[PDB]
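S.K.: So that you have it, the file is model.cif, and it contains mmCIF, C-alpha atoms and all ligand atoms:
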data_query
#
loop_
_atom_site.label_atom_id
_atom_site.label_comp_id
_atom_site.auth_asym_id
_atom_site.auth_seq_id
_atom_site.Cartn_x
_atom_site.Cartn_y
_atom_site.Cartn_z
CA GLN R 3 34.66 -46.12 -8.26
CA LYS R 4 36.01 -45.44 -11.74
CA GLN R 5 38.77 -42.87 -12.09
CA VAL R 6 39.90 -40.24 -14.59
CA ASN R 7 43.67 -39.92 -15.00
CA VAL R 8 44.56 -37.22 -17.51
CA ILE R 9 47.70 -36.39 -19.45
CA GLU R 10 47.33 -32.66 -20.11
CA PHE R 11 49.31 -32.19 -23.33
CA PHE R 12 50.19 -28.60 -24.22
CA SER R 13 48.79 -27.73 -20.79
CA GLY R 14 49.48 -24.00 -21.07
CA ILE R 15 47.82 -22.32 -18.10
CA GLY R 16 45.53 -25.26 -17.35
CA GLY R 17 42.45 -24.38 -19.36
CA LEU R 18 41.56 -28.01 -20.06
CA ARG R 19 42.00 -28.93 -16.40
CA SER R 20 39.95 -25.93 -15.27
CA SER R 21 37.17 -26.90 -17.67
CA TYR R 22 36.97 -30.41 -16.21
CA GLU R 23 37.08 -29.17 -12.62
CA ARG R 24 34.24 -26.68 -13.12
CA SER R 25 32.11 -29.20 -15.02
CA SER R 26 29.47 -31.41 -13.41
CA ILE R 27 31.34 -34.63 -14.20
CA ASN R 28 32.14 -34.80 -10.48
CA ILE R 29 34.62 -37.66 -10.74
CA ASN R 30 37.83 -36.86 -8.89
CA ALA R 31 40.71 -36.78 -11.36
CA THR R 32 44.49 -36.44 -11.60
CA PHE R 33 46.40 -34.33 -14.12
CA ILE R 34 49.90 -34.64 -15.59
CA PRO R 35 50.63 -31.46 -17.59
CA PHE R 36 53.22 -31.31 -20.39
CA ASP R 37 54.48 -28.00 -21.79
CA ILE R 38 57.81 -26.39 -22.67
CA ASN R 39 56.68 -22.79 -22.12
CA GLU R 40 58.40 -21.63 -18.93
CA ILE R 41 56.05 -18.69 -18.38
CA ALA R 42 52.91 -20.75 -18.99
CA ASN R 43 54.16 -23.45 -16.61
CA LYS R 44 54.85 -20.91 -13.86
CA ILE R 45 51.19 -19.89 -13.97
CA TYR R 46 50.07 -23.53 -14.01
CA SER R 47 52.28 -24.49 -11.07
CA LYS R 48 51.26 -21.35 -9.16
CA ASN R 49 47.57 -22.26 -9.40
CA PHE R 50 47.68 -26.07 -9.33
CA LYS R 51 50.73 -26.54 -7.09
CA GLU R 52 52.05 -29.27 -9.39
CA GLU R 53 55.13 -29.38 -11.61
CA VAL R 54 54.82 -29.29 -15.40
CA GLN R 55 56.74 -31.88 -17.42
CA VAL R 56 58.98 -30.05 -19.90
CA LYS R 57 59.81 -33.14 -21.95
CA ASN R 58 59.43 -32.11 -25.60
CA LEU R 59 56.34 -33.70 -27.14
CA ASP R 60 58.11 -34.00 -30.50
CA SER R 61 60.14 -36.98 -29.32
CA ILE R 62 58.67 -38.18 -26.02
CA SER R 63 58.89 -41.98 -25.78
CA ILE R 64 55.96 -44.38 -25.49
CA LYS R 65 57.49 -45.81 -22.32
CA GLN R 66 57.47 -42.46 -20.50
CA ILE R 67 53.86 -41.81 -21.49
CA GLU R 68 52.72 -45.30 -20.50
CA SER R 69 54.57 -45.10 -17.18
CA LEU R 70 52.02 -42.44 -16.23
CA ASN R 71 49.29 -45.10 -16.25
CA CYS R 72 46.69 -42.59 -17.41
CA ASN R 73 43.41 -43.26 -19.22
CA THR R 74 42.62 -39.83 -20.65
CA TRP R 75 44.15 -37.36 -23.11
CA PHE R 76 43.42 -33.64 -22.95
CA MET R 77 45.09 -31.43 -25.54
CA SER R 78 44.96 -28.17 -27.46
CA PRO R 79 47.87 -28.43 -29.94
CA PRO R 80 49.63 -25.35 -31.35
CA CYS R 81 47.20 -23.67 -33.76
CA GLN R 82 49.66 -21.67 -35.87
CA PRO R 83 50.02 -24.28 -38.66
CA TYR R 84 46.29 -24.12 -39.39
CA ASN R 85 45.53 -21.11 -41.57
CA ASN R 86 44.42 -21.00 -45.21
CA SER R 87 47.83 -19.77 -46.36
CA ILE R 88 49.73 -22.75 -44.96
CA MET R 89 46.96 -25.29 -45.56
CA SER R 90 46.24 -24.35 -49.18
CA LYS R 91 49.94 -25.00 -49.83
CA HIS R 92 49.78 -28.36 -48.06
CA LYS R 93 52.44 -27.15 -45.64
CA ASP R 94 50.56 -27.81 -42.39
CA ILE R 95 51.44 -31.52 -42.40
CA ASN R 96 55.13 -30.64 -42.63
CA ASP R 97 54.97 -27.68 -40.25
CA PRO R 98 57.39 -28.22 -37.32
CA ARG R 99 54.80 -26.90 -34.84
CA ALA R 100 52.53 -29.82 -35.76
CA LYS R 101 55.30 -32.36 -35.20
CA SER R 102 54.31 -32.92 -31.56
CA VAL R 103 50.63 -33.70 -32.19
CA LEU R 104 51.43 -35.97 -35.13
CA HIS R 105 53.97 -37.77 -32.95
CA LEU R 106 51.39 -38.52 -30.26
CA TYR R 107 48.94 -40.14 -32.68
CA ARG R 108 51.39 -41.72 -35.14
CA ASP R 109 54.00 -43.04 -32.74
CA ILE R 110 52.29 -43.39 -29.35
CA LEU R 111 48.55 -44.11 -29.42
CA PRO R 112 48.57 -47.13 -31.77
CA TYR R 113 51.12 -48.95 -29.59
CA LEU R 114 49.85 -48.37 -26.05
CA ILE R 115 48.71 -51.47 -24.17
CA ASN R 116 45.89 -49.33 -22.82
CA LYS R 117 44.66 -46.63 -25.19
CA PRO R 118 43.11 -43.63 -23.40
CA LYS R 119 39.38 -44.29 -23.00
CA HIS R 120 38.65 -40.59 -23.55
CA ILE R 121 40.33 -37.96 -25.74
CA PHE R 122 39.52 -34.26 -25.98
CA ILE R 123 41.08 -31.97 -28.58
CA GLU R 124 40.69 -28.20 -28.86
CA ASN R 125 41.86 -25.99 -31.73
CA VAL R 126 40.89 -23.38 -34.32
CA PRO R 127 38.09 -24.05 -36.87
CA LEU R 128 40.50 -24.56 -39.79
CA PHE R 129 42.10 -27.47 -37.92
CA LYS R 130 39.01 -29.47 -38.89
CA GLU R 131 40.07 -29.19 -42.55
CA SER R 132 43.81 -29.69 -42.00
CA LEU R 133 45.78 -32.60 -43.41
CA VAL R 134 47.06 -33.02 -39.86
CA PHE R 135 43.64 -33.75 -38.39
CA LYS R 136 42.58 -35.75 -41.45
CA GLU R 137 45.37 -38.16 -40.52
CA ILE R 138 44.62 -38.01 -36.79
CA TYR R 139 40.99 -38.82 -37.59
CA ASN R 140 42.00 -41.86 -39.64
CA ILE R 141 44.35 -43.06 -36.89
CA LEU R 142 41.65 -42.70 -34.24
CA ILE R 143 39.16 -44.56 -36.44
CA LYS R 144 41.63 -47.36 -37.17
CA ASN R 145 42.20 -47.65 -33.42
CA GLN R 146 38.50 -48.22 -32.69
CA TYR R 147 37.54 -44.72 -31.51
CA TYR R 148 34.14 -43.07 -31.82
CA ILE R 149 34.48 -39.42 -32.78
CA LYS R 150 32.14 -36.47 -32.37
CA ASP R 151 33.20 -32.93 -33.23
CA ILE R 152 31.70 -29.44 -33.06
CA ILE R 153 32.49 -25.86 -34.02
CA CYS R 154 30.92 -23.45 -31.53
CA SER R 155 31.39 -20.19 -29.64
CA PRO R 156 30.87 -19.12 -25.99
CA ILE R 157 28.04 -16.83 -27.14
CA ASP R 158 26.16 -19.98 -28.14
CA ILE R 159 25.77 -20.84 -24.45
CA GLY R 160 25.16 -17.27 -23.29
CA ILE R 161 28.72 -16.14 -22.60
CA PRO R 162 29.38 -12.57 -23.83
CA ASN R 163 32.51 -13.44 -25.82
CA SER R 164 33.13 -14.55 -29.39
CA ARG R 165 35.72 -17.32 -29.54
CA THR R 166 34.73 -19.76 -32.28
CA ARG R 167 36.75 -22.94 -31.80
CA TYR R 168 36.85 -26.54 -33.00
CA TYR R 169 36.36 -29.39 -30.54
CA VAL R 170 37.02 -33.11 -30.97
CA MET R 171 35.54 -35.69 -28.61
CA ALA R 172 36.86 -39.23 -29.02
CA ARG R 173 36.32 -42.35 -26.92
CA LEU R 174 36.14 -46.14 -27.16
CA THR R 175 32.41 -46.30 -26.42
CA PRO R 176 29.72 -45.13 -28.86
CA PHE R 177 27.73 -42.00 -27.99
CA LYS R 178 24.18 -43.04 -27.07
CA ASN R 179 22.89 -39.50 -26.55
CA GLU R 180 22.75 -36.47 -28.84
CA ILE R 181 25.20 -33.75 -27.84
CA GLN R 182 23.48 -30.88 -26.05
CA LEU R 183 24.32 -27.29 -25.15
CA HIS R 184 22.67 -25.53 -22.22
CA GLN R 185 22.42 -21.78 -21.69
CA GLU R 186 24.71 -20.61 -18.90
CA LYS R 187 23.27 -18.57 -16.03
CA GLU R 188 22.42 -15.23 -17.62
CA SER R 189 25.27 -12.74 -17.57
CA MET R 190 26.34 -9.48 -19.17
CA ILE R 191 29.77 -7.94 -19.77
CA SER R 192 29.08 -6.19 -16.47
CA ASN R 193 29.56 -9.42 -14.50
CA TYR R 194 33.21 -9.78 -15.51
CA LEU R 195 34.45 -6.23 -14.92
CA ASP R 196 36.92 -5.36 -12.18
CA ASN R 197 35.65 -2.39 -10.19
CA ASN R 198 38.72 -0.20 -9.63
CA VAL R 199 41.00 -0.53 -12.67
CA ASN R 200 44.24 1.45 -12.54
CA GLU R 201 44.47 4.19 -15.18
CA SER R 202 47.49 2.38 -16.62
CA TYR R 203 45.00 0.30 -18.59
CA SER R 204 43.24 3.15 -20.40
CA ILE R 205 44.06 3.69 -24.08
CA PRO R 206 46.67 6.45 -24.56
CA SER R 207 45.26 9.54 -26.30
CA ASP R 208 47.85 9.41 -29.09
CA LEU R 209 46.87 5.82 -29.89
CA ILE R 210 43.19 6.77 -29.95
CA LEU R 211 43.80 9.61 -32.40
CA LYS R 212 45.73 7.31 -34.73
CA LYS R 213 43.90 3.97 -34.61
CA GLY R 214 40.91 4.61 -32.35
CA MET R 215 38.51 3.89 -35.21
CA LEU R 216 39.97 0.40 -35.66
CA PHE R 217 39.06 -0.75 -32.15
CA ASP R 218 36.00 -2.88 -31.52
CA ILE R 219 34.43 -1.01 -28.61
CA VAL R 220 31.86 -2.33 -26.14
CA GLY R 221 29.95 -1.09 -23.10
CA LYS R 222 28.88 -2.95 -19.97
CA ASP R 223 25.62 -3.92 -21.69
CA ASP R 224 26.75 -4.65 -25.26
CA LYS R 225 26.07 -8.09 -26.75
CA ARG R 226 29.59 -9.51 -26.54
CA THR R 227 33.35 -8.97 -26.53
CA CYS R 228 35.62 -9.97 -29.42
CA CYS R 229 38.07 -12.87 -29.33
CA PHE R 230 41.02 -12.12 -27.05
CA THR R 231 44.27 -13.17 -28.71
CA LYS R 232 47.94 -13.37 -27.74
CA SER R 233 48.91 -9.84 -28.80
CA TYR R 234 46.07 -8.02 -27.03
CA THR R 235 47.09 -4.48 -25.99
CA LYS R 236 50.03 -4.78 -28.40
CA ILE R 237 48.27 -4.96 -31.76
CA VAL R 238 45.05 -3.00 -32.21
CA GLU R 239 43.08 -5.07 -34.74
CA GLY R 240 41.73 -8.58 -34.21
CA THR R 241 43.26 -9.10 -30.77
CA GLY R 242 40.22 -8.22 -28.67
CA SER R 243 37.66 -5.53 -27.86
CA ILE R 244 38.20 -2.60 -25.51
CA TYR R 245 35.77 -1.24 -22.92
CA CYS R 246 33.85 2.02 -22.56
CA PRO R 247 32.68 2.64 -18.96
CA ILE R 248 30.63 5.70 -19.94
CA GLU R 249 28.00 4.01 -22.12
CA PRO R 250 25.98 0.83 -21.46
CA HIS R 251 25.68 0.51 -25.23
CA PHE R 252 28.66 2.11 -26.96
CA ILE R 253 27.32 4.50 -29.58
CA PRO R 254 29.59 4.61 -32.67
CA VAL R 255 31.36 7.78 -33.80
CA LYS R 256 32.64 9.24 -37.07
CA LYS R 257 35.99 10.66 -35.98
CA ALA R 258 38.75 9.20 -33.81
CA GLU R 259 38.92 12.38 -31.74
CA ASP R 260 35.34 11.70 -30.65
CA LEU R 261 36.66 8.76 -28.63
CA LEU R 262 39.05 10.94 -26.61
CA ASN R 263 36.57 11.45 -23.74
CA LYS R 264 34.92 8.06 -23.23
CA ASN R 265 37.48 6.71 -20.76
CA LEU R 266 38.36 3.78 -23.04
CA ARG R 267 40.59 1.07 -21.56
CA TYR R 268 41.82 -2.43 -22.29
CA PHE R 269 40.30 -5.28 -20.33
CA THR R 270 42.66 -6.38 -17.56
CA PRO R 271 44.27 -9.85 -17.51
CA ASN R 272 42.03 -10.72 -14.56
CA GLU R 273 38.93 -9.72 -16.54
CA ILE R 274 39.84 -11.94 -19.49
CA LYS R 275 40.54 -14.73 -17.01
CA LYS R 276 36.98 -14.40 -15.70
CA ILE R 277 35.50 -14.21 -19.20
CA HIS R 278 37.29 -17.44 -20.14
CA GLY R 279 35.66 -19.06 -17.12
CA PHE R 280 38.62 -19.82 -14.87
CA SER R 281 37.90 -20.22 -11.15
CA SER R 282 37.62 -17.04 -9.08
CA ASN R 283 40.79 -18.04 -7.24
CA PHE R 284 42.73 -18.79 -10.41
CA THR R 285 45.05 -15.93 -11.35
CA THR R 286 47.63 -15.16 -14.04
CA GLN R 287 48.93 -12.46 -11.70
CA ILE R 288 52.03 -14.48 -10.86
CA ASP R 289 54.71 -12.40 -9.16
CA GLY R 290 57.14 -11.02 -11.74
CA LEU R 291 54.95 -11.61 -14.79
CA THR R 292 54.03 -8.47 -16.73
CA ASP R 293 50.58 -7.82 -18.20
CA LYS R 294 51.92 -8.62 -21.67
CA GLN R 295 53.08 -12.08 -20.57
CA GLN R 296 49.69 -12.74 -18.96
CA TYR R 297 47.80 -11.41 -21.98
CA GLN R 298 49.79 -13.74 -24.24
CA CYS R 299 48.99 -16.83 -22.17
CA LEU R 300 45.32 -15.87 -21.79
CA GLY R 301 45.04 -15.12 -25.51
CA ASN R 302 46.28 -18.65 -26.18
CA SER R 303 43.97 -20.30 -23.63
CA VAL R 304 40.39 -21.53 -23.98
CA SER R 305 36.76 -21.00 -22.99
CA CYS R 306 36.39 -23.17 -19.90
CA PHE R 307 32.66 -22.48 -20.09
CA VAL R 308 32.28 -24.22 -23.46
CA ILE R 309 34.75 -27.04 -22.84
CA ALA R 310 33.07 -27.87 -19.53
CA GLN R 311 29.82 -28.68 -21.33
CA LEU R 312 31.54 -30.64 -24.10
CA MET R 313 33.55 -32.71 -21.62
CA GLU R 314 30.37 -33.60 -19.74
CA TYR R 315 29.21 -35.04 -23.06
CA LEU R 316 32.50 -36.82 -23.77
CA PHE R 317 32.33 -38.52 -20.37
CA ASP R 318 28.59 -39.28 -20.39
CA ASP R 319 29.47 -42.97 -20.70
CA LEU R 320 30.78 -42.94 -17.12
CA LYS R 321 27.40 -42.36 -15.45
CA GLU R 322 24.13 -44.27 -14.95
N1 LIG R 401 56.95 -29.62 -28.58
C1 LIG R 401 56.10 -29.14 -27.52
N2 LIG R 401 56.07 -29.77 -26.33
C2 LIG R 401 55.29 -29.34 -25.32
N3 LIG R 401 54.50 -28.27 -25.48
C3 LIG R 401 54.49 -27.60 -26.64
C4 LIG R 401 55.29 -28.02 -27.70
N4 LIG R 401 55.08 -27.18 -28.75
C5 LIG R 401 54.18 -26.26 -28.38
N5 LIG R 401 53.83 -26.52 -27.11
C6 LIG R 401 52.91 -25.85 -26.24
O1 LIG R 401 51.50 -26.00 -26.60
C7 LIG R 401 50.86 -24.91 -26.04
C8 LIG R 401 49.75 -24.50 -26.94
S1 LIG R 401 48.56 -23.33 -26.33
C9 LIG R 401 47.38 -24.17 -25.26
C10 LIG R 401 47.21 -23.64 -23.86
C11 LIG R 401 46.17 -24.28 -22.95
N6 LIG R 401 45.08 -24.85 -23.72
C12 LIG R 401 45.61 -23.28 -21.97
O2 LIG R 401 44.41 -23.41 -21.53
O3 LIG R 401 46.32 -22.32 -21.57
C13 LIG R 401 51.84 -23.83 -25.94
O4 LIG R 401 51.84 -23.30 -24.66
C14 LIG R 401 53.13 -24.40 -26.24
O5 LIG R 401 54.04 -24.05 -25.25
#
How does this structure look as structure tokens?
M.R.:
Amino acid sequence: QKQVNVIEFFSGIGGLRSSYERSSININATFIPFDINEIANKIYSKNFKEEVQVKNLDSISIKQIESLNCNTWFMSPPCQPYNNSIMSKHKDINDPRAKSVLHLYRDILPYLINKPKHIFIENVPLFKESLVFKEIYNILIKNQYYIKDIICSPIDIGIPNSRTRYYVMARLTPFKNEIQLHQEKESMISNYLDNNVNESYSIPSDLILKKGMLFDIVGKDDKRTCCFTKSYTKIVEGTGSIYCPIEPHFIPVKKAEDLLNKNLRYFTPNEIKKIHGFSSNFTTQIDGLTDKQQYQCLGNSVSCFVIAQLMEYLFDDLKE
């Protein structure tokens, strides 16, 4: 009977939508994605066969938003403004990349005839401490919202990937039940690997000899993979782990040259896509898009696995 109509702000490649669709909420829903990134939109449209609204969220009018007649807000705002450097200088609140998310809560939400009955926000841990969210929290509270938040990682529910993120769950009804995480069907890094990767993905020997020791290396059996970020395969450190197909448990070495013969390679875009929990039919392999472009979008996406469970909680007032 009841329906879920979502405005997918900062839709990107449709991580928030994917999360909902794979969850057990099982209420048919509609999605209206907003994003100015042409490449990201192309992937979204390719997979969801729906057009992305490119209206800039910095200045979008209340009227246009309300014309959508939606009752749900999904969003993962730009995360750049939220590091210790910017935040310790109190510059996050004035950061132009935060202008869109402040606009939505300052200028839109408090004036809607029908406030969204459910709101889901995803961002980096430091967002929780930002002046931006501090204000958003106050606004939500003043507008009669109940708010539950959590900082967690996919590994917490048995997914072999470290991506610690901050999640905000807001709605107009109080939460009767304690939030709960369930362990996902057991899986290893093995389960996400493509089985015939082109050699164009293996780490060049010259790169190995110069920065090989900086890589976080994993085998098909190792505990987890590191957080995949935008610049994966471009910048060595902190952008994601690489894979060794020779050892179930990568055994560390002392010299870079010792890595030369372990057939090291980057994870493919399709592999990251599977690790982030997108549907088997979902693909960033849009015609014309290079691996870099796909890596960038994927690096900026989400863990559909985690969000699926948190959304089921957010919407637990729609059952029984
Ligand atoms: N003023 C603005 N209007 C619309 N989108 C914006 C924007 N400023 C930044 N963005 C978008 O917000 C997105 C943040 S990344 C989030 C991606 C999404 N969660 C996914 O699963 O892929 C970026 O793609 C960026 O294009």
S.K.: Between atom CA of residue 45 of chain R and atom CA of residue 295 of chain R, measure the distance and give it in Å to one decimal.
M.R.: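 Spanning atom CA of residue 45 of chain R to atom CA of residue 295 of chain R is a straight-line distance of 10.4 Å.
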S.K.: Within 6 Å of ligand LIG 401 (chain R), counting all atoms listed in the file: which residues, as a count of residues only?
M.R.: 21
S.K.: Would you mind reading off the distance between atom CA of residue 22 of chain R and atom CA of residue 122 of chain R, one decimal, in Å?
M.R.: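 Distance reported for this atom pair: 10.8 Å.
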S.K.: Measure the distance from atom CA of residue 43 of chain R to atom CA of residue 57 of chain R in Å and round it to one decimal.
M.R.: 12.4 Å
S.K.: Using all atoms listed in the file, determine which residues lie at most 6 Å from segment 163-176 of chain R, disregarding the query and same-chain residues fewer than 4 positions distant; provide the list as a PyMOL selection string.
M.R.: chain R and resi 119-127+147-157+226-229+316
S.K.: I'd like to know which of R:217, R:245, R:230, R:177 is closest to residue 317 of chain R, using only C-alpha atoms.
M.R.: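 Comparing R:217, R:245, R:230, R:177 against residue 317 of chain R, the winner is R:177.
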